[PDB]
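What follows is the content of upload.pdb (PDB, N, CA and C atoms).
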```
MODEL        1
ATOM      1  N   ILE A 299      17.472 -23.967 -34.645  1.00  0.00           N
ATOM      2  CA  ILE A 299      17.570 -23.791 -33.200  1.00  0.00           C
ATOM      3  C   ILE A 299      18.043 -25.117 -32.624  1.00  0.00           C
ATOM      4  N   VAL A 300      19.281 -25.152 -32.143  1.00  0.00           N
ATOM      5  CA  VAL A 300      19.916 -26.380 -31.682  1.00  0.00           C
ATOM      6  C   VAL A 300      20.211 -26.254 -30.195  1.00  0.00           C
ATOM      7  N   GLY A 301      19.781 -27.253 -29.423  1.00  0.00           N
ATOM      8  CA  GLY A 301      20.079 -27.305 -28.013  1.00  0.00           C
ATOM      9  C   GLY A 301      20.578 -28.683 -27.622  1.00  0.00           C
ATOM     10  N   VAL A 302      21.214 -28.741 -26.456  1.00  0.00           N
ATOM     11  CA  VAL A 302      21.807 -29.968 -25.937  1.00  0.00           C
ATOM     12  C   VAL A 302      21.145 -30.303 -24.611  1.00  0.00           C
ATOM     13  N   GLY A 303      20.680 -31.541 -24.481  1.00  0.00           N
ATOM     14  CA  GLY A 303      20.144 -32.020 -23.224  1.00  0.00           C
ATOM     15  C   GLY A 303      20.888 -33.235 -22.715  1.00  0.00           C
ATOM     16  N   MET A 304      21.301 -33.206 -21.451  1.00  0.00           N
ATOM     17  CA  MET A 304      22.027 -34.318 -20.857  1.00  0.00           C
ATOM     18  C   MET A 304      21.049 -35.294 -20.218  1.00  0.00           C
ATOM     19  N   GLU A 305      21.304 -36.586 -20.415  1.00  0.00           N
ATOM     20  CA  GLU A 305      20.424 -37.634 -19.918  1.00  0.00           C
ATOM     21  C   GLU A 305      20.937 -38.294 -18.646  1.00  0.00           C
ATOM     22  N   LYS A 306      22.242 -38.537 -18.542  1.00  0.00           N
ATOM     23  CA  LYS A 306      22.818 -39.048 -17.306  1.00  0.00           C
ATOM     24  C   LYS A 306      24.316 -38.782 -17.309  1.00  0.00           C
ATOM     25  N   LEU A 307      24.891 -38.756 -16.110  1.00  0.00           N
ATOM     26  CA  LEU A 307      26.310 -38.495 -15.924  1.00  0.00           C
ATOM     27  C   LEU A 307      26.917 -39.605 -15.077  1.00  0.00           C
ATOM     28  N   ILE A 308      28.103 -40.057 -15.475  1.00  0.00           N
ATOM     29  CA  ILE A 308      28.757 -41.221 -14.890  1.00  0.00           C
ATOM     30  C   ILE A 308      30.078 -40.779 -14.275  1.00  0.00           C
ATOM     31  N   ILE A 309      30.317 -41.189 -13.034  1.00  0.00           N
ATOM     32  CA  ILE A 309      31.509 -40.813 -12.282  1.00  0.00           C
ATOM     33  C   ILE A 309      32.491 -41.976 -12.299  1.00  0.00           C
ATOM     34  N   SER A 310      33.774 -41.658 -12.459  1.00  0.00           N
ATOM     35  CA  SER A 310      34.851 -42.646 -12.492  1.00  0.00           C
ATOM     36  C   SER A 310      35.900 -42.243 -11.460  1.00  0.00           C
ATOM     37  N   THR A 311      35.822 -42.828 -10.267  1.00  0.00           N
ATOM     38  CA  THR A 311      36.748 -42.477  -9.198  1.00  0.00           C
ATOM     39  C   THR A 311      38.161 -42.934  -9.539  1.00  0.00           C
ATOM     40  N   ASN A 312      39.130 -42.055  -9.301  1.00  0.00           N
ATOM     41  CA  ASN A 312      40.525 -42.278  -9.677  1.00  0.00           C
ATOM     42  C   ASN A 312      41.325 -42.614  -8.420  1.00  0.00           C
ATOM     43  N   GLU A 313      41.346 -43.895  -8.064  1.00  0.00           N
ATOM     44  CA  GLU A 313      42.043 -44.364  -6.877  1.00  0.00           C
ATOM     45  C   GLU A 313      42.985 -45.501  -7.245  1.00  0.00           C
ATOM     46  N   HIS A 314      44.017 -45.668  -6.423  1.00  0.00           N
ATOM     47  CA  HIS A 314      45.006 -46.722  -6.590  1.00  0.00           C
ATOM     48  C   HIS A 314      44.996 -47.601  -5.350  1.00  0.00           C
ATOM     49  N   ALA A 315      44.824 -48.905  -5.546  1.00  0.00           N
ATOM     50  CA  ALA A 315      44.728 -49.862  -4.452  1.00  0.00           C
ATOM     51  C   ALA A 315      45.776 -50.949  -4.635  1.00  0.00           C
ATOM     52  N   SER A 316      46.513 -51.243  -3.567  1.00  0.00           N
ATOM     53  CA  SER A 316      47.584 -52.227  -3.600  1.00  0.00           C
ATOM     54  C   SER A 316      47.356 -53.274  -2.518  1.00  0.00           C
ATOM     55  N   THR A 317      48.021 -54.416  -2.680  1.00  0.00           N
ATOM     56  CA  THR A 317      47.908 -55.525  -1.742  1.00  0.00           C
ATOM     57  C   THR A 317      49.202 -56.324  -1.773  1.00  0.00           C
ATOM     58  N   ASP A 318      49.730 -56.653  -0.595  1.00  0.00           N
ATOM     59  CA  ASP A 318      50.977 -57.392  -0.475  1.00  0.00           C
ATOM     60  C   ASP A 318      50.810 -58.546   0.504  1.00  0.00           C
ATOM     61  N   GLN A 319      51.659 -59.561   0.351  1.00  0.00           N
ATOM     62  CA  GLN A 319      51.684 -60.690   1.269  1.00  0.00           C
ATOM     63  C   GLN A 319      52.997 -61.439   1.097  1.00  0.00           C
ATOM     64  N   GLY A 320      53.641 -61.763   2.215  1.00  0.00           N
ATOM     65  CA  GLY A 320      54.928 -62.431   2.166  1.00  0.00           C
ATOM     66  C   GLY A 320      55.164 -63.318   3.370  1.00  0.00           C
ATOM     67  N   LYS A 321      56.081 -64.266   3.194  1.00  0.00           N
ATOM     68  CA  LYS A 321      56.449 -65.225   4.222  1.00  0.00           C
ATOM     69  C   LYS A 321      57.915 -65.054   4.597  1.00  0.00           C
ATOM     70  N   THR A 322      58.288 -65.639   5.732  1.00  0.00           N
ATOM     71  CA  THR A 322      59.643 -65.529   6.252  1.00  0.00           C
ATOM     72  C   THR A 322      60.014 -66.838   6.934  1.00  0.00           C
ATOM     73  N   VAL A 323      61.317 -67.107   7.009  1.00  0.00           N
ATOM     74  CA  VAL A 323      61.838 -68.254   7.744  1.00  0.00           C
ATOM     75  C   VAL A 323      63.261 -67.929   8.173  1.00  0.00           C
ATOM     76  N   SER A 324      63.638 -68.412   9.356  1.00  0.00           N
ATOM     77  CA  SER A 324      64.932 -68.081   9.934  1.00  0.00           C
ATOM     78  C   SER A 324      65.449 -69.264  10.740  1.00  0.00           C
ATOM     79  N   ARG A 325      66.740 -69.207  11.063  1.00  0.00           N
ATOM     80  CA  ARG A 325      67.393 -70.256  11.845  1.00  0.00           C
ATOM     81  C   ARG A 325      68.553 -69.608  12.588  1.00  0.00           C
ATOM     82  N   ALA A 326      68.393 -69.407  13.892  1.00  0.00           N
ATOM     83  CA  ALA A 326      69.396 -68.749  14.718  1.00  0.00           C
ATOM     84  C   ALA A 326      70.040 -69.762  15.654  1.00  0.00           C
ATOM     85  N   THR A 327      71.369 -69.819  15.637  1.00  0.00           N
ATOM     86  CA  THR A 327      72.134 -70.706  16.497  1.00  0.00           C
ATOM     87  C   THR A 327      73.044 -69.886  17.402  1.00  0.00           C
ATOM     88  N   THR A 328      73.194 -70.344  18.644  1.00  0.00           N
ATOM     89  CA  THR A 328      73.989 -69.644  19.641  1.00  0.00           C
ATOM     90  C   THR A 328      74.889 -70.634  20.369  1.00  0.00           C
ATOM     91  N   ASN A 329      76.123 -70.205  20.632  1.00  0.00           N
ATOM     92  CA  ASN A 329      77.093 -70.980  21.406  1.00  0.00           C
ATOM     93  C   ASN A 329      77.677 -70.051  22.465  1.00  0.00           C
ATOM     94  N   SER A 330      77.202 -70.184  23.700  1.00  0.00           N
ATOM     95  CA  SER A 330      77.634 -69.316  24.783  1.00  0.00           C
ATOM     96  C   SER A 330      78.695 -70.010  25.637  1.00  0.00           C
ATOM     97  N   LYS A 331      79.137 -69.320  26.685  1.00  0.00           N
ATOM     98  CA  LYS A 331      80.155 -69.824  27.595  1.00  0.00           C
ATOM     99  C   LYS A 331      80.057 -69.045  28.898  1.00  0.00           C
ATOM    100  N   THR A 332      80.484 -69.675  29.991  1.00  0.00           N
ATOM    101  CA  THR A 332      80.458 -69.045  31.303  1.00  0.00           C
ATOM    102  C   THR A 332      81.694 -69.464  32.086  1.00  0.00           C
ATOM    103  N   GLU A 333      82.221 -68.532  32.880  1.00  0.00           N
ATOM    104  CA  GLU A 333      83.370 -68.788  33.750  1.00  0.00           C
ATOM    105  C   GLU A 333      83.166 -67.984  35.031  1.00  0.00           C
ATOM    106  N   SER A 334      82.622 -68.634  36.055  1.00  0.00           N
ATOM    107  CA  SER A 334      82.302 -67.986  37.320  1.00  0.00           C
ATOM    108  C   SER A 334      83.340 -68.341  38.377  1.00  0.00           C
ATOM    109  N   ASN A 335      83.763 -67.334  39.139  1.00  0.00           N
ATOM    110  CA  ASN A 335      84.755 -67.505  40.190  1.00  0.00           C
ATOM    111  C   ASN A 335      84.316 -66.746  41.433  1.00  0.00           C
ATOM    112  N   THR A 336      84.554 -67.342  42.596  1.00  0.00           N
ATOM    113  CA  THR A 336      84.200 -66.720  43.867  1.00  0.00           C
ATOM    114  C   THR A 336      85.010 -67.311  45.018  1.00  0.00           C
TER     115      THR A 336
ATOM    116  N   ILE B 299      34.029  -2.671 -28.538  1.00  0.00           N
ATOM    117  CA  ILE B 299      34.789  -2.578 -27.297  1.00  0.00           C
ATOM    118  C   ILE B 299      34.449  -3.811 -26.474  1.00  0.00           C
ATOM    119  N   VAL B 300      35.417  -4.708 -26.311  1.00  0.00           N
ATOM    120  CA  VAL B 300      35.196  -5.998 -25.670  1.00  0.00           C
ATOM    121  C   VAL B 300      36.073  -6.094 -24.430  1.00  0.00           C
ATOM    122  N   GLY B 301      35.458  -6.452 -23.299  1.00  0.00           N
ATOM    123  CA  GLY B 301      36.184  -6.660 -22.069  1.00  0.00           C
ATOM    124  C   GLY B 301      35.810  -7.990 -21.441  1.00  0.00           C
ATOM    125  N   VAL B 302      36.617  -8.400 -20.468  1.00  0.00           N
ATOM    126  CA  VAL B 302      36.437  -9.666 -19.768  1.00  0.00           C
ATOM    127  C   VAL B 302      36.308  -9.377 -18.280  1.00  0.00           C
ATOM    128  N   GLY B 303      35.290  -9.949 -17.657  1.00  0.00           N
ATOM    129  CA  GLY B 303      35.071  -9.804 -16.226  1.00  0.00           C
ATOM    130  C   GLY B 303      35.100 -11.155 -15.539  1.00  0.00           C
ATOM    131  N   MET B 304      35.828 -11.228 -14.432  1.00  0.00           N
ATOM    132  CA  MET B 304      36.002 -12.468 -13.689  1.00  0.00           C
ATOM    133  C   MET B 304      35.019 -12.528 -12.528  1.00  0.00           C
ATOM    134  N   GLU B 305      34.354 -13.673 -12.381  1.00  0.00           N
ATOM    135  CA  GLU B 305      33.307 -13.829 -11.380  1.00  0.00           C
ATOM    136  C   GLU B 305      33.767 -14.576 -10.134  1.00  0.00           C
ATOM    137  N   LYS B 306      34.512 -15.669 -10.284  1.00  0.00           N
ATOM    138  CA  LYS B 306      35.035 -16.370  -9.118  1.00  0.00           C
ATOM    139  C   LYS B 306      36.206 -17.252  -9.527  1.00  0.00           C
ATOM    140  N   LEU B 307      37.009 -17.619  -8.531  1.00  0.00           N
ATOM    141  CA  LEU B 307      38.201 -18.434  -8.716  1.00  0.00           C
ATOM    142  C   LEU B 307      38.077 -19.713  -7.902  1.00  0.00           C
ATOM    143  N   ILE B 308      38.480 -20.830  -8.503  1.00  0.00           N
ATOM    144  CA  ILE B 308      38.423 -22.143  -7.874  1.00  0.00           C
ATOM    145  C   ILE B 308      39.834 -22.711  -7.829  1.00  0.00           C
ATOM    146  N   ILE B 309      40.209 -23.281  -6.686  1.00  0.00           N
ATOM    147  CA  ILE B 309      41.561 -23.773  -6.446  1.00  0.00           C
ATOM    148  C   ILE B 309      41.517 -25.287  -6.299  1.00  0.00           C
ATOM    149  N   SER B 310      42.373 -25.974  -7.049  1.00  0.00           N
ATOM    150  CA  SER B 310      42.484 -27.430  -7.020  1.00  0.00           C
ATOM    151  C   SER B 310      43.852 -27.784  -6.447  1.00  0.00           C
ATOM    152  N   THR B 311      43.880 -28.185  -5.179  1.00  0.00           N
ATOM    153  CA  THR B 311      45.136 -28.442  -4.483  1.00  0.00           C
ATOM    154  C   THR B 311      45.708 -29.776  -4.951  1.00  0.00           C
ATOM    155  N   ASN B 312      46.817 -29.723  -5.684  1.00  0.00           N
ATOM    156  CA  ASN B 312      47.456 -30.921  -6.225  1.00  0.00           C
ATOM    157  C   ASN B 312      48.174 -31.633  -5.087  1.00  0.00           C
ATOM    158  N   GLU B 313      47.462 -32.528  -4.411  1.00  0.00           N
ATOM    159  CA  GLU B 313      47.977 -33.182  -3.220  1.00  0.00           C
ATOM    160  C   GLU B 313      47.724 -34.677  -3.325  1.00  0.00           C
ATOM    161  N   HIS B 314      48.616 -35.461  -2.727  1.00  0.00           N
ATOM    162  CA  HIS B 314      48.550 -36.914  -2.787  1.00  0.00           C
ATOM    163  C   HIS B 314      48.534 -37.477  -1.375  1.00  0.00           C
ATOM    164  N   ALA B 315      47.532 -38.302  -1.079  1.00  0.00           N
ATOM    165  CA  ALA B 315      47.351 -38.883   0.242  1.00  0.00           C
ATOM    166  C   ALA B 315      47.235 -40.394   0.123  1.00  0.00           C
ATOM    167  N   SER B 316      47.875 -41.108   1.045  1.00  0.00           N
ATOM    168  CA  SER B 316      47.889 -42.562   1.019  1.00  0.00           C
ATOM    169  C   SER B 316      47.545 -43.104   2.398  1.00  0.00           C
ATOM    170  N   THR B 317      47.006 -44.321   2.411  1.00  0.00           N
ATOM    171  CA  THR B 317      46.673 -45.024   3.643  1.00  0.00           C
ATOM    172  C   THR B 317      47.118 -46.470   3.510  1.00  0.00           C
ATOM    173  N   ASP B 318      47.786 -46.982   4.538  1.00  0.00           N
ATOM    174  CA  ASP B 318      48.257 -48.358   4.557  1.00  0.00           C
ATOM    175  C   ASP B 318      47.880 -49.004   5.881  1.00  0.00           C
ATOM    176  N   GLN B 319      47.674 -50.318   5.845  1.00  0.00           N
ATOM    177  CA  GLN B 319      47.472 -51.098   7.055  1.00  0.00           C
ATOM    178  C   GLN B 319      47.972 -52.513   6.807  1.00  0.00           C
ATOM    179  N   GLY B 320      48.360 -53.192   7.886  1.00  0.00           N
ATOM    180  CA  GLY B 320      48.926 -54.519   7.755  1.00  0.00           C
ATOM    181  C   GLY B 320      48.689 -55.373   8.981  1.00  0.00           C
ATOM    182  N   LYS B 321      48.926 -56.671   8.802  1.00  0.00           N
ATOM    183  CA  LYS B 321      48.843 -57.659   9.866  1.00  0.00           C
ATOM    184  C   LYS B 321      50.052 -58.581   9.781  1.00  0.00           C
ATOM    185  N   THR B 322      50.449 -59.121  10.930  1.00  0.00           N
ATOM    186  CA  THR B 322      51.613 -59.990  11.015  1.00  0.00           C
ATOM    187  C   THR B 322      51.307 -61.149  11.950  1.00  0.00           C
ATOM    188  N   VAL B 323      51.811 -62.333  11.606  1.00  0.00           N
ATOM    189  CA  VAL B 323      51.708 -63.522  12.446  1.00  0.00           C
ATOM    190  C   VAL B 323      53.062 -64.217  12.445  1.00  0.00           C
ATOM    191  N   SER B 324      53.516 -64.642  13.623  1.00  0.00           N
ATOM    192  CA  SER B 324      54.825 -65.271  13.740  1.00  0.00           C
ATOM    193  C   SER B 324      54.783 -66.337  14.825  1.00  0.00           C
ATOM    194  N   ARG B 325      55.833 -67.158  14.858  1.00  0.00           N
ATOM    195  CA  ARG B 325      55.941 -68.249  15.819  1.00  0.00           C
ATOM    196  C   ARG B 325      57.390 -68.700  15.907  1.00  0.00           C
ATOM    197  N   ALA B 326      57.946 -68.687  17.117  1.00  0.00           N
ATOM    198  CA  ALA B 326      59.344 -69.020  17.349  1.00  0.00           C
ATOM    199  C   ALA B 326      59.456 -70.255  18.231  1.00  0.00           C
ATOM    200  N   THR B 327      60.459 -71.087  17.951  1.00  0.00           N
ATOM    201  CA  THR B 327      60.723 -72.302  18.713  1.00  0.00           C
ATOM    202  C   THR B 327      62.205 -72.371  19.050  1.00  0.00           C
ATOM    203  N   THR B 328      62.516 -72.575  20.329  1.00  0.00           N
ATOM    204  CA  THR B 328      63.890 -72.647  20.808  1.00  0.00           C
ATOM    205  C   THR B 328      64.060 -73.869  21.700  1.00  0.00           C
ATOM    206  N   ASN B 329      65.172 -74.584  21.518  1.00  0.00           N
ATOM    207  CA  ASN B 329      65.494 -75.784  22.294  1.00  0.00           C
ATOM    208  C   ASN B 329      66.913 -75.629  22.832  1.00  0.00           C
ATOM    209  N   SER B 330      67.042 -74.990  23.990  1.00  0.00           N
ATOM    210  CA  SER B 330      68.342 -74.693  24.569  1.00  0.00           C
ATOM    211  C   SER B 330      68.908 -75.898  25.311  1.00  0.00           C
ATOM    212  N   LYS B 331      70.236 -75.945  25.391  1.00  0.00           N
ATOM    213  CA  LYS B 331      70.948 -76.986  26.116  1.00  0.00           C
ATOM    214  C   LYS B 331      72.102 -76.354  26.877  1.00  0.00           C
ATOM    215  N   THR B 332      72.312 -76.805  28.111  1.00  0.00           N
ATOM    216  CA  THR B 332      73.368 -76.272  28.960  1.00  0.00           C
ATOM    217  C   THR B 332      74.022 -77.404  29.736  1.00  0.00           C
ATOM    218  N   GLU B 333      75.352 -77.388  29.782  1.00  0.00           N
ATOM    219  CA  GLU B 333      76.141 -78.394  30.490  1.00  0.00           C
ATOM    220  C   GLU B 333      77.005 -77.672  31.519  1.00  0.00           C
ATOM    221  N   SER B 334      76.501 -77.562  32.745  1.00  0.00           N
ATOM    222  CA  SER B 334      77.193 -76.838  33.800  1.00  0.00           C
ATOM    223  C   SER B 334      78.150 -77.768  34.536  1.00  0.00           C
ATOM    224  N   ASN B 335      79.401 -77.336  34.665  1.00  0.00           N
ATOM    225  CA  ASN B 335      80.431 -78.079  35.375  1.00  0.00           C
ATOM    226  C   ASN B 335      80.919 -77.241  36.546  1.00  0.00           C
ATOM    227  N   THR B 336      81.021 -77.863  37.715  1.00  0.00           N
ATOM    228  CA  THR B 336      81.473 -77.167  38.913  1.00  0.00           C
ATOM    229  C   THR B 336      82.349 -78.073  39.770  1.00  0.00           C
TER     230      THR B 336
ENDMDL
END
```

Mind converting the file's structure to structure tokens?
Amino acid sequence: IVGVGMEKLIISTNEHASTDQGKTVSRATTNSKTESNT
Amino acid sequence: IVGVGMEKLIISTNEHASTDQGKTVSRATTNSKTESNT
């Protein structure tokens, strides 16, 4: 007479976790002009 | 004479859900110059 008894059960959550981080740098130059008449 | 009887059905919706969040920090510096002639 053979029986099976469980003692404990363990859960393993199946999730995916990500993490990002980045830096930026820029340099904008402008050369305008104006010609007003009245 | 062997038959099979079904008691209940369980549905596992194969679906994928994601959550994202972020933060940003920036700082701009401008040094304009103008030479007006009239």

Any chance you could fit chain B onto chain A with least squares, all Cα atoms in order, and share the moved copy as a CSV table (one decimal) with N, CA and C atoms, in the coordinates of the input?
```csv
chain,number,residue,atom,x,y,z
B,299,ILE,N,17.6,-23.9,-34.6
B,299,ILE,CA,17.7,-23.7,-33.1
B,299,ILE,C,18.2,-25.1,-32.6
B,300,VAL,N,19.4,-25.1,-32.1
B,300,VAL,CA,20.0,-26.4,-31.6
B,300,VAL,C,20.3,-26.3,-30.2
B,301,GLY,N,19.9,-27.3,-29.4
B,301,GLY,CA,20.2,-27.4,-28.0
B,301,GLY,C,20.7,-28.8,-27.6
B,302,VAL,N,21.3,-28.8,-26.4
B,302,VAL,CA,21.9,-30.1,-25.9
B,302,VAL,C,21.2,-30.4,-24.6
B,303,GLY,N,20.8,-31.7,-24.5
B,303,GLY,CA,20.2,-32.2,-23.3
B,303,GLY,C,21.0,-33.4,-22.7
B,304,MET,N,21.2,-33.3,-21.4
B,304,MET,CA,22.0,-34.3,-20.7
B,304,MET,C,21.1,-35.3,-20.1
B,305,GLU,N,21.5,-36.6,-20.3
B,305,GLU,CA,20.6,-37.7,-19.8
B,305,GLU,C,21.1,-38.4,-18.5
B,306,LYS,N,22.4,-38.6,-18.4
B,306,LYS,CA,23.0,-39.1,-17.1
B,306,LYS,C,24.5,-38.8,-17.1
B,307,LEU,N,25.0,-38.9,-15.8
B,307,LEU,CA,26.4,-38.7,-15.5
B,307,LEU,C,27.0,-39.9,-14.9
B,308,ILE,N,28.2,-40.2,-15.3
B,308,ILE,CA,29.0,-41.4,-14.8
B,308,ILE,C,30.3,-40.9,-14.2
B,309,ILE,N,30.6,-41.4,-13.0
B,309,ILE,CA,31.8,-40.9,-12.3
B,309,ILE,C,32.8,-42.1,-12.2
B,310,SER,N,34.0,-41.8,-12.6
B,310,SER,CA,35.2,-42.7,-12.6
B,310,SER,C,36.1,-42.3,-11.5
B,311,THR,N,36.1,-42.9,-10.3
B,311,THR,CA,36.9,-42.5,-9.2
B,311,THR,C,38.4,-42.9,-9.4
B,312,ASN,N,39.2,-42.0,-9.6
B,312,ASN,CA,40.6,-42.2,-9.9
B,312,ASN,C,41.3,-42.6,-8.6
B,313,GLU,N,41.3,-43.9,-8.3
B,313,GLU,CA,41.8,-44.4,-7.0
B,313,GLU,C,42.8,-45.6,-7.3
B,314,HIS,N,43.7,-45.7,-6.4
B,314,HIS,CA,44.8,-46.8,-6.6
B,314,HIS,C,44.8,-47.6,-5.3
B,315,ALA,N,44.6,-49.0,-5.5
B,315,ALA,CA,44.6,-49.9,-4.4
B,315,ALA,C,45.6,-51.0,-4.6
B,316,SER,N,46.3,-51.4,-3.5
B,316,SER,CA,47.4,-52.4,-3.6
B,316,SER,C,47.2,-53.4,-2.5
B,317,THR,N,47.7,-54.6,-2.8
B,317,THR,CA,47.7,-55.7,-1.9
B,317,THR,C,49.0,-56.4,-1.8
B,318,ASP,N,49.6,-56.7,-0.7
B,318,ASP,CA,50.9,-57.3,-0.5
B,318,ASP,C,50.7,-58.4,0.5
B,319,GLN,N,51.5,-59.5,0.3
B,319,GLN,CA,51.7,-60.5,1.3
B,319,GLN,C,53.1,-61.1,1.3
B,320,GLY,N,53.5,-61.7,2.4
B,320,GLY,CA,54.9,-62.2,2.4
B,320,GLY,C,55.0,-63.4,3.4
B,321,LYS,N,56.1,-64.0,3.3
B,321,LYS,CA,56.5,-65.1,4.2
B,321,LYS,C,58.0,-65.0,4.6
B,322,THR,N,58.3,-65.5,5.8
B,322,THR,CA,59.7,-65.4,6.3
B,322,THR,C,60.1,-66.7,7.0
B,323,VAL,N,61.3,-67.0,6.8
B,323,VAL,CA,61.9,-68.2,7.5
B,323,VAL,C,63.3,-67.8,8.0
B,324,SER,N,63.5,-68.2,9.3
B,324,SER,CA,64.8,-67.9,9.9
B,324,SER,C,65.3,-69.0,10.8
B,325,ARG,N,66.5,-68.9,11.3
B,325,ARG,CA,67.1,-69.9,12.1
B,325,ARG,C,68.3,-69.3,12.8
B,326,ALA,N,68.4,-69.3,14.1
B,326,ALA,CA,69.4,-68.7,14.9
B,326,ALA,C,70.2,-69.8,15.7
B,327,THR,N,71.5,-69.7,15.8
B,327,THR,CA,72.3,-70.6,16.6
B,327,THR,C,73.2,-69.8,17.5
B,328,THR,N,73.2,-70.2,18.8
B,328,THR,CA,74.0,-69.5,19.8
B,328,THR,C,74.8,-70.5,20.6
B,329,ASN,N,76.1,-70.2,20.9
B,329,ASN,CA,76.9,-71.1,21.7
B,329,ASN,C,77.6,-70.3,22.8
B,330,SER,N,76.9,-70.1,23.9
B,330,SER,CA,77.4,-69.3,25.0
B,330,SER,C,78.4,-70.0,25.9
B,331,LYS,N,79.3,-69.2,26.5
B,331,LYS,CA,80.3,-69.7,27.4
B,331,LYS,C,80.4,-68.8,28.6
B,332,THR,N,80.5,-69.4,29.8
B,332,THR,CA,80.6,-68.6,31.0
B,332,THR,C,81.6,-69.2,32.0
B,333,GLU,N,82.4,-68.4,32.6
B,333,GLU,CA,83.5,-68.8,33.5
B,333,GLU,C,83.2,-68.1,34.8
B,334,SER,N,82.5,-68.7,35.7
B,334,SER,CA,82.1,-68.1,37.0
B,334,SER,C,83.2,-68.4,38.1
B,335,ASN,N,83.7,-67.3,38.7
B,335,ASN,CA,84.7,-67.4,39.8
B,335,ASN,C,84.1,-66.9,41.1
B,336,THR,N,84.3,-67.7,42.1
B,336,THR,CA,83.8,-67.3,43.4
B,336,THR,C,84.8,-67.7,44.6
```

Find the smallest box with edges along x, y and z containing every listed atom of range 315-324 of chain B, then add 5 Å on each side and report centre and edge lengths in Å to one decimal, as AutoDock Vina command-line options.
```
--center_x 50.7 --center_y -52.3 --center_z 6.9 --size_x 18.2 --size_y 38.0 --size_z 25.9
```

Check your understanding: chain B residues within 9 Å of chain A, counting only C-alpha atoms: which ones, as a ChimeraX atom specification?
Key -> /B:320,324,334

**Study point:** Distance in Å - CA of residue 306 in chain A versus atom C of residue 308 in chain B
**Key:**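 Here the two named atoms are 25.4 Å from each other.
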
Revision key, fill the gap. Taken to one decimal, the CA of residue 303 in chain A-CA of residue 309 in chain B distance is 28.4 Å

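Pairwise distance (CA of residue 304 in chain B, CA of residue 299 in chain A) equals 29.1 Å.
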
Keeping N, CA, C and O atoms, write range 316-327 of chain A of the structure just shown out as a PDB file, in the first residue's frame.
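Output (decode_32.pdb):
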```pdb
ATOM      1  N   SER A 316      13.574  44.892 -16.429  1.00  0.00           N
ATOM      2  CA  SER A 316      14.629  45.576 -17.160  1.00  0.00           C
ATOM      3  C   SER A 316      14.900  46.933 -16.525  1.00  0.00           C
ATOM      4  O   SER A 316      14.082  47.467 -15.772  1.00  0.00           O
ATOM      5  N   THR A 317      16.071  47.485 -16.838  1.00  0.00           N
ATOM      6  CA  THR A 317      16.491  48.777 -16.309  1.00  0.00           C
ATOM      7  C   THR A 317      17.437  49.428 -17.307  1.00  0.00           C
ATOM      8  O   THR A 317      18.356  48.772 -17.802  1.00  0.00           O
ATOM      9  N   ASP A 318      17.214  50.710 -17.592  1.00  0.00           N
ATOM     10  CA  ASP A 318      18.022  51.451 -18.548  1.00  0.00           C
ATOM     11  C   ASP A 318      18.448  52.784 -17.950  1.00  0.00           C
ATOM     12  O   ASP A 318      17.801  53.309 -17.039  1.00  0.00           O
ATOM     13  N   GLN A 319      19.546  53.328 -18.473  1.00  0.00           N
ATOM     14  CA  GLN A 319      20.021  54.645 -18.072  1.00  0.00           C
ATOM     15  C   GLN A 319      21.001  55.156 -19.117  1.00  0.00           C
ATOM     16  O   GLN A 319      21.895  54.423 -19.545  1.00  0.00           O
ATOM     17  N   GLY A 320      20.829  56.412 -19.520  1.00  0.00           N
ATOM     18  CA  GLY A 320      21.673  56.986 -20.551  1.00  0.00           C
ATOM     19  C   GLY A 320      21.842  58.481 -20.392  1.00  0.00           C
ATOM     20  O   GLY A 320      21.034  59.158 -19.750  1.00  0.00           O
ATOM     21  N   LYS A 321      22.910  58.990 -21.003  1.00  0.00           N
ATOM     22  CA  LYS A 321      23.257  60.401 -20.966  1.00  0.00           C
ATOM     23  C   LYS A 321      23.221  60.985 -22.372  1.00  0.00           C
ATOM     24  O   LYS A 321      23.214  60.259 -23.369  1.00  0.00           O
ATOM     25  N   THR A 322      23.202  62.314 -22.440  1.00  0.00           N
ATOM     26  CA  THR A 322      23.120  63.025 -23.707  1.00  0.00           C
ATOM     27  C   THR A 322      23.937  64.305 -23.606  1.00  0.00           C
ATOM     28  O   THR A 322      24.164  64.824 -22.510  1.00  0.00           O
ATOM     29  N   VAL A 323      24.388  64.801 -24.756  1.00  0.00           N
ATOM     30  CA  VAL A 323      25.074  66.086 -24.840  1.00  0.00           C
ATOM     31  C   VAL A 323      24.872  66.635 -26.244  1.00  0.00           C
ATOM     32  O   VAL A 323      24.817  65.884 -27.222  1.00  0.00           O
ATOM     33  N   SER A 324      24.745  67.957 -26.342  1.00  0.00           N
ATOM     34  CA  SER A 324      24.436  68.599 -27.610  1.00  0.00           C
ATOM     35  C   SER A 324      25.114  69.960 -27.672  1.00  0.00           C
ATOM     36  O   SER A 324      25.578  70.497 -26.663  1.00  0.00           O
ATOM     37  N   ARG A 325      25.163  70.513 -28.882  1.00  0.00           N
ATOM     38  CA  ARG A 325      25.769  71.823 -29.116  1.00  0.00           C
ATOM     39  C   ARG A 325      25.085  72.427 -30.334  1.00  0.00           C
ATOM     40  O   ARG A 325      25.342  71.995 -31.462  1.00  0.00           O
ATOM     41  N   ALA A 326      24.215  73.407 -30.110  1.00  0.00           N
ATOM     42  CA  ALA A 326      23.448  74.039 -31.174  1.00  0.00           C
ATOM     43  C   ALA A 326      23.942  75.461 -31.393  1.00  0.00           C
ATOM     44  O   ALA A 326      24.018  76.249 -30.445  1.00  0.00           O
ATOM     45  N   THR A 327      24.270  75.786 -32.641  1.00  0.00           N
ATOM     46  CA  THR A 327      24.724  77.114 -33.020  1.00  0.00           C
ATOM     47  C   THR A 327      23.761  77.715 -34.035  1.00  0.00           C
ATOM     48  O   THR A 327      23.231  77.015 -34.903  1.00  0.00           O
TER      49      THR A 327
END
```
